[PDB]
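Visitor: Provided herewith is a single structure, encoded as structure tokens, for subsequent inquiry.
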Amino acid sequence: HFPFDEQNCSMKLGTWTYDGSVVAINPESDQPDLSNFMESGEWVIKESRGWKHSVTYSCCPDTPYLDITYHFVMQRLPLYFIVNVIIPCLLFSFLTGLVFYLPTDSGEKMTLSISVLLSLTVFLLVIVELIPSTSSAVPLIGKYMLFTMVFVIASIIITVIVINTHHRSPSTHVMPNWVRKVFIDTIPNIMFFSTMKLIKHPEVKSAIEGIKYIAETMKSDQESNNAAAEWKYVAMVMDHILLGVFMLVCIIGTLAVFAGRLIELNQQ
Amino acid sequence: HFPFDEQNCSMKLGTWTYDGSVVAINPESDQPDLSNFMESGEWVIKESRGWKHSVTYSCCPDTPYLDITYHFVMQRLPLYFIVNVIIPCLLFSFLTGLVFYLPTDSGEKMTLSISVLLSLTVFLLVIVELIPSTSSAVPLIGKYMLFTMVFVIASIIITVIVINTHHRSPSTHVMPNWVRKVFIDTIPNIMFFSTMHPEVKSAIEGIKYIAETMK
Amino acid sequence: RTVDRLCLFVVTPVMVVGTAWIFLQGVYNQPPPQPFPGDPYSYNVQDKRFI
Amino acid sequence: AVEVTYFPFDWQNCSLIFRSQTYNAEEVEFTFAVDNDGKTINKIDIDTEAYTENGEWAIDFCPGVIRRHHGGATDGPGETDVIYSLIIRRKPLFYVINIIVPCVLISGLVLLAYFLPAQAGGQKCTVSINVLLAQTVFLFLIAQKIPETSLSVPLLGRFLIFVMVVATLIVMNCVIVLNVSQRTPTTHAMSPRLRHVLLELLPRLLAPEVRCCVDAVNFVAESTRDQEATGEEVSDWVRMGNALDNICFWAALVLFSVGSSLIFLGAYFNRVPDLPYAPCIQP
Amino acid sequence: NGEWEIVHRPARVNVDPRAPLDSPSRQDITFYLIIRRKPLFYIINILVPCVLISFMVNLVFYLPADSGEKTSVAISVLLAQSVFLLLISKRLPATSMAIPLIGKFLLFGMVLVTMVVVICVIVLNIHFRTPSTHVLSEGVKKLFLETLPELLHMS
Amino acid sequence: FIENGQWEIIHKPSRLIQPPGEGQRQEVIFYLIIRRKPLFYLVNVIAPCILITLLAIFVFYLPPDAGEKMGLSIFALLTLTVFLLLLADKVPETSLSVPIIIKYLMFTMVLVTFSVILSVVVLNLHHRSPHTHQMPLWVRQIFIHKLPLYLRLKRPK
Amino acid sequence: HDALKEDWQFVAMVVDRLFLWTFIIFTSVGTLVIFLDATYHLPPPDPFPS
Ligand SMILES: *[C@@H]1O[C@H](CO)[C@@H](O[C@@H]2O[C@H](CO)[C@@H](O[C@@H]3O[C@H](CO[C@H]4O[C@H](CO)[C@@H](O)[C@H](O)[C@@H]4O)[C@@H](O)[C@H](O[C@H]4O[C@H](CO)[C@@H](O)[C@H](O)[C@@H]4O)[C@@H]3O)[C@H](O)[C@H]2NC(C)=O)[C@H](O)[C@H]1NC(C)=O
Ligand SMILES: *[C@@H]1O[C@H](CO)[C@@H](O[C@@H]2O[C@H](CO)[C@@H](O[C@@H]3O[C@H](CO[C@H]4O[C@H](CO)[C@@H](O)[C@H](O)[C@@H]4O)[C@@H](O)[C@H](O[C@H]4O[C@H](CO)[C@@H](O)[C@H](O)[C@@H]4O)[C@@H]3O)[C@H](O)[C@H]2NC(C)=O)[C@H](O)[C@H]1NC(C)=O
Ligand SMILES: *[C@@H]1O[C@H](CO)[C@@H](O[C@@H]2O[C@H](CO)[C@@H](O[C@@H]3O[C@H](CO[C@H]4O[C@H](CO)[C@@H](O)[C@H](O)[C@@H]4O)[C@@H](O)[C@H](O[C@H]4O[C@H](CO)[C@@H](O)[C@H](O)[C@@H]4O)[C@@H]3O)[C@H](O)[C@H]2NC(C)=O)[C@H](O)[C@H]1NC(C)=O
Ligand SMILES: *[C@@H]1O[C@H](CO)[C@@H](O[C@@H]2O[C@H](CO)[C@@H](O[C@@H]3O[C@H](CO[C@H]4O[C@H](CO)[C@@H](O)[C@H](O)[C@@H]4O)[C@@H](O)[C@H](O[C@H]4O[C@H](CO)[C@@H](O)[C@H](O)[C@@H]4O)[C@@H]3O)[C@H](O)[C@H]2NC(C)=O)[C@H](O)[C@H]1NC(C)=O
Ligand SMILES: CCCCCCCC/C=C/CCCCCCCC(=O)O[C@@H](COC(=O)CCCCCCCCCCCCCCC)COP(=O)([O-])OCC[N+](C)(C)C
Ligand SMILES: *[C@@H]1O[C@H](CO)[C@@H](O[C@@H]2O[C@H](CO)[C@@H](O[C@@H]3O[C@H](CO)[C@@H](O)[C@H](O[C@H]4O[C@H](CO)[C@@H](O)[C@H](O)[C@@H]4O)[C@@H]3O)[C@H](O)[C@H]2NC(C)=O)[C@H](O)[C@H]1NC(C)=O
Ligand SMILES: CC(C)CCC[C@@H](C)[C@H]1CC[C@H]2[C@@H]3CC=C4C[C@@H](O)CC[C@]4(C)[C@H]3CC[C@]12C
Ligand SMILES: CC(C)CCC[C@@H](C)[C@H]1CC[C@H]2[C@@H]3CC=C4C[C@@H](O)CC[C@]4(C)[C@H]3CC[C@]12C
Ligand SMILES: CC(C)CCC[C@@H](C)[C@H]1CC[C@H]2[C@@H]3CC=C4C[C@@H](O)CC[C@]4(C)[C@H]3CC[C@]12C
Ligand SMILES: CC(C)CCC[C@@H](C)[C@H]1CC[C@H]2[C@@H]3CC=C4C[C@@H](O)CC[C@]4(C)[C@H]3CC[C@]12C
Ligand SMILES: CC(C)CCC[C@@H](C)[C@H]1CC[C@H]2[C@@H]3CC=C4C[C@@H](O)CC[C@]4(C)[C@H]3CC[C@]12C
Ligand SMILES: CC(C)CCC[C@@H](C)[C@H]1CC[C@H]2[C@@H]3CC=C4C[C@@H](O)CC[C@]4(C)[C@H]3CC[C@]12C
């Protein structure tokens, strides 16, 4: 649950060379003396208690071995890690979804996503120098870091796919019927509508045929532009869906990582 | 004056508990012994000298307190800081002004300026690793770093202004007369190398319309 | 675009296979079953060597 | 213990507590020494001639007090000690020159994004997101300096987080402006409500051959007409984006200036309190 | 230990037959520890991010040349790999017995990303050719417009 | 012997140093001449510098119309800055001479800086306004008639 | 206008190719010099050379 973790740290004290039959140790009080305890800027001691224990081995029934173990339950103060670690991660997670509201023609989607990733990569220095290097378990903050990194990578991949979709043209691809049905017809039916779905002289004859050629050429480019606009509309619909999905996944992951421990602390 | 700084560092030595009336200390020589001194790769001892001092206080006019202070005047060798710190900053400073030779139509003015700023920002991490961090005064290397950073920031601001001027549409924005007088007339003199049936009627109107649109 | 597609189909398998090879050397790296090569003994409390 | 709230514009209260390790107050007691004039030296003495000030810390005050306590019947034998309170002030010049001023300038750069065009070559998001990247580099730089306690947030960290939030908001706003400006008639519809709000209300509030040839000419003319109307609706979209940029620049400038000013003015009123003590080092 | 698991832990009496009996080096008792690293921290914090960031450079081949953000993506991946190398440089000694496995992967990925940047440069050079700059031969058209696309199942 | 993973012992002699010639003293000096094994720096510094240098060369093959020359060149400079930060932890701090690896690093940074500068020059030539800038005749004679033959650049038509 | 623009662009291309060859040459020479200086720096054959 780092940085919202609780730690039970013990200090076991005993006579190293004297057993219970020759030297007996008893606690002075049930709890450690905290009257002169200096305030800690990182930990709060919720509970502290000293317990005496006696252990007798079968091979040595007559010589019991005594110890006094003082335990301290400590709650980390998480404000430092919240400010320095969690909030930048949340900002990068929020920025991850904003690429899907950018137009493809801006020529800055990859710039935004790649720069968010570069910010996360520079932030890796901070997180690894602050997070402990242990493999007992994945820290919660480490889980959030991995979640954020994985979803910027996914956003970059899907943005590349969207940009490839936007640039498709009749000179390169032919629109499949299923793409048209799914994206141009079905989804707008469940979407708020805000987007549109002497004549014998050779020179004279050459001029006439030339104006005919011009008319046919611009008709052909109009048809090509219409097909390209269909591809662009498909890319735009995909981009709106992905904006919604990525914002929702950002919120859902942010809650699913922390809210359980936060509610556990709030309910105690 | 760092990395070109000179430092006068002293070593005051004295009998802690014995005053001058019971124990007298005298320098063996006027200078410290440097015969067996190991050469440094960071400092050069320009001067060295030992001075005896005697101090009498009002509360004890009969027990003078003696000391021998050995001072060493040393000059820093700046080649390490010149090579590792000054040369990168100079390279970034030179690259700062290149943006004004980069045309606006390239679409890379902000790429160059902002990335030069980013490189300088990472080199700030380098400088913080290499330069000592004190607040007694602003070192010369720190003045140069701040000058380079402010230089880059000013270049970015003025580059944004130039881009805004370049893209000003005529329909929305209109040229002031003073802009024309300053930049298109007076300034270009100093310098040079630049310059400055019904359907038949419908078809007729269409041809004239295309011509008017191109006009 | 044709060159881009060819370079995709050439470069991506190479990187995938190289990364898999490099990391598979590490995944199946474990210490030997015995502490000392050439010595069959395990040096474990389970296998006591009584006199 | 370092009070981090106004770091690096902070002052500290460091205690030096002296006591007998062996003897209680009934066995050994403390009194302050006296100067030549008989005045009690109830403070840390500093020889002015030999004193060299710390490169980062100035000693503003240093009173001393002899405390006696634990003298109750239940407590038993009385205890005593001597506590000196070094009130020390940080000289923040290094943090000002090397961290705060460059960070302030780089964080101010995002306001320039409002003046770049909302076109493919305008590079608005370039400026915004790369300023955010530079701020992340500054977060790494500041991680190596700030205290690691959690009783309060240091001023340097608070300012950095504030400028990161402002840069994120400006990135979102620039994305929205680019979305509005690039809208095409073939793909988006002309909303009259938004146009009226932004461009109208806001400024105030602020022979088959011959027939075939004629058909070809008419087709070219109508294509040109359609192009002109499409470009006019595109122009309307750019004007709406420009108006949005104009209002939001002032909004962002007010936000940045007010937040930075309040954060730094919190330190500006963080002087050492005027205690009823003489200065530790006489001038 | 939070990072190391003990696999073997033998104890041995070592006697050197060559050394003389009156030498301190004749006899010793050695207690060995064979310890395996638990790589979960390094996995989660370096390897998965580094591997995924390196793999993303293949996406540039699927980006169009008209996007104008191909070499930027590739060189940014190279920069991220360099940052990972900086991260790893602080954690191991500078020994020459072998290249670390993560070091081997980082070198391989950086070489591959450099090759990808070169390929992107060449693709962009080819894309922007015009009649006024280059001659499009019939052989090049035959190879790259008909034969290879049906070999590669391009649409 | 516990062999060092970074150092190879070339020579290991010992000598008796007599005084030069009442307070004079002999010495016994044990010398260790040791060669560093530089594999770490070859992997972590030299190869990245070579790769970045190759990219800096390949900037000049990028067409001006792509609008990407500045991005590649300047991000190569940024990567070199990151590697300077990498080296800052390792190199000696003395000032009697410069390490050759530092010399190579600054050579590479100067190369990348010149690549940026010359790419800016090329872009300035490419995007030059025909109506505003009149081509000098010497520019034509050198760069359109004489130089292209030597560079194997055959302008069509 | 297109012809003059094309002339300027061709001059830019020629200058770019010239700089490509110049960078190749200078890089090769400098890298070879530095690498040969590094490679030929051998340890001393004798611990006490004359
Ligand atoms: C953090 O970690 C520490 C351990 O490091 C935990 O400490 C344990 O605390 C529990 C109590 O919460 C201890 O249990 C108690 O032990 C007492 C002493 O036991 C010793 O002595 C008896 C008598 O000779 C022996 O039989 C025994 O084996 C031990 O040698 C008992 O007197 C207590 O009795 C209570 O429980 C029993 C059983 O329910 C009842 O019948 C009694 O009436 C009475 O209520 C009790 O068993 C435990 O021993 C501690 N362990 C150690 C090693 O100190 C902390 O609790 C933990 N903190 C948190 C919050 O997790
Ligand atoms: C680095 O820092 C050190 C320490 O601050 C500086 O050292 C000072 O050096 C100057 C000389 O350059 C010293 O001045 C000389 O001190 C001598 C000793 O004075 C003591 O002893 C005499 C009795 O013999 C007492 O009367 C006196 O009060 C002291 O107790 C004097 O003998 C010298 O006198 C000579 O010069 C004066 C000049 O006015 C003449 O009038 C005399 O006739 C005579 O020729 C002289 O005064 C000074 O004391 C040193 N200070 C300390 C604290 O050591 C270094 O100079 C500095 N290095 C730099 C910056 O370059
Ligand atoms: C972890 O690290 C420890 C060392 O710190 C390793 O322990 C070494 O393990 C190897 C292999 O088990 C040992 O090498 C073997 O030593 C045998 C005994 O040599 C001693 O006794 C003979 C008696 O005749 C003396 O002559 C000799 O000088 C020594 O005093 C040899 O008999 C073995 O030889 C066998 O293998 C070689 C090939 O390697 C063949 O050529 C031979 O014919 C024969 O088959 C062998 O040399 C070594 O002594 C151990 N070192 C110690 C105990 O300090 C662990 O193995 C290692 N754990 C790992 C890596 O898992
Ligand atoms: C690693 O570092 C050590 C030092 O730490 C080096 O050892 C030095 O090596 C040099 C060269 O071998 C030695 O210099 C030579 O010393 C000879 C003996 O000098 C002693 O004896 C004479 C007796 O007359 C005394 O006068 C003198 O003061 C010494 O006590 C000289 O005979 C040599 O002379 C040669 O060079 C001089 C120029 O310097 C010429 O004029 C002569 O004609 C002649 O050619 C010479 O001076 C030096 O003494 C060693 N230092 C020691 C032992 O501490 C290692 O060489 C170095 N290793 C490497 C590989 O770099
Ligand atoms: C991983 C790195 C390597 C990646 C390679 C990717 C290869 C991708 C494959 C694509 C090849 C190109 C196919 C289309 C064009 C062919 C026709 C054409 O115009 O040819 C042109 C020449 O040929 C070139 O311009 C080749 C491309 C540049 C090569 C640069 C050097 C090698 C790579 C960098 C160094 C690598 C080593 C250092 C860095 C590691 C012009 O020809 P011409 O003068 O007009 O001659 C007329 C006859 N002809 C037209 C029939 C030819
Ligand atoms: C620098 O640090 C020193 C040491 O911490 C500090 O001096 C201490 O200040 C506290 C007050 O903050 C003093 O405590 C007071 O003592 C008097 C008796 O001498 C009591 O009457 C006071 O009681 C008030 O406060 C209580 C709080 O629990 C209330 O319960 C009560 O009703 C009263 O309102 C109070 O306990 C302490 O004696 C001194 N210690 C010394 C001088 O040795 C100093 O002020 C700090 N300097 C700064 C911050 O400038
Ligand atoms: C391609 C895009 C969608 C990104 C995909 C990221 C995937 C591959 C990532 C996300 C979370 C990752 C897992 C997170 C943690 C662990 C536990 C440990 O055993 C290391 C591997 C393993 C099991 C990872 C494997 C790779 C993983 C599943
Ligand atoms: C190819 C790219 C993703 C590089 C990384 C490949 C990784 C994720 C793969 C390659 C081969 C895989 C191993 C293959 C088989 C097994 C045995 C089984 O008990 C599951 C774990 C384990 C040990 C796998 C762990 C993950 C692994 C190491
Ligand atoms: C996100 C933007 C708006 C704000 C950025 C600065 C952040 C870090 C600031 C804003 C308000 C601040 C909090 C305001 C008040 C308190 C109570 C105090 O007893 C401990 C610190 C604490 C809890 C502050 C921590 C830092 C804080 C959260
Ligand atoms: C940055 C902008 C956007 C928001 C600023 C909000 C102000 C009111 C916040 C920001 C930081 C806050 C301070 C942070 C920490 C402390 C120390 C605590 O012991 C008392 C409250 C005090 C002194 C807070 C007072 C309120 C505070 C000054
Ligand atoms: C693309 C996905 C798979 C992410 C990349 C995974 C890469 C980094 C590979 C390389 C080596 C792999 C590890 C090697 C061995 C094992 C087996 C078992 O103990 C669980 C998974 C685990 C621990 C693997 C997790 C994934 C792993 C770390
Ligand atoms: C193996 C031992 C004896 C050392 C031999 C010297 C080797 C390592 C040196 C000598 C000449 C060097 C080459 C000279 C120039 C270049 C061009 C440059 O753009 C990349 C590096 C490269 C390709 C060098 C690689 C290393 C090299 C081959």
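Residue numbering for chain D follows Swiss-Prot; the residues present correspond to positions 149-354, 417-493, in that order.
Any Cβ shown, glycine's included, is placed from N, Cα and C.
Reproduced below are the annotations present in Swiss-Prot:
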CARBOHYD  D:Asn161  N-linked glycosylation site
TRANSMEM  D:240-264  transmembrane segment
TOPO_DOM  D:265-272  topological domain 'Cytoplasmic'
TRANSMEM  D:273-291  transmembrane segment
TOPO_DOM  D:292-306  topological domain 'Extracellular'
TRANSMEM  D:307-328  transmembrane segment
TRANSMEM  D:457-480  transmembrane segment
TOPO_DOM  D:481-493  topological domain 'Extracellular'
Visitor: With DSSP as the reference, give the number of residues of the topological domain 'Extracellular' (D:292-306) in helix, strand and coil.
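Guide: Breakdown, helix to coil: 4 helix, 0 strand, 11 coil.
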Visitor: Within its own chain, what residues at least 6 apart in sequence put their Cβ under 8 Å from the Cβ of D:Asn161 (N-linked glycosylation site), listed in sequence order?
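Guide: Residues satisfying the criterion: D:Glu151, D:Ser233, D:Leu234, D:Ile235.
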Visitor: Translate the DSSP assignment of D:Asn161 (N-linked glycosylation site) into the three-state scheme.
Guide: strand
Visitor: Who are the chain neighbours of the topological domain 'Cytoplasmic' (D:265-272) in space, where the CB to CB distance is under 8 Å and they lie at least 6 residues beyond its ends?
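Guide: For the topological domain 'Cytoplasmic' (D:265-272), the far contacts come to 322, 325-326, 328-330, 448, 451-452, 455.
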Visitor: Counting each residue once, how many in the topological domain 'Extracellular' (D:481-493) are helix, strand and coil under DSSP?
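Guide: Split into helix, strand and coil, the topological domain 'Extracellular' (D:481-493) gives 0 helix, 0 strand, 13 coil.
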Visitor: Which sequence-distant residues neighbour the topological domain 'Extracellular' (D:481-493)? Criterion: at least 6 residues beyond either end, Cβ under 8 Å.
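Guide: Residues packing against the topological domain 'Extracellular' (D:481-493) from afar: 159, 191-192, 194, 196, 199, 207-211, 234-235, 237.
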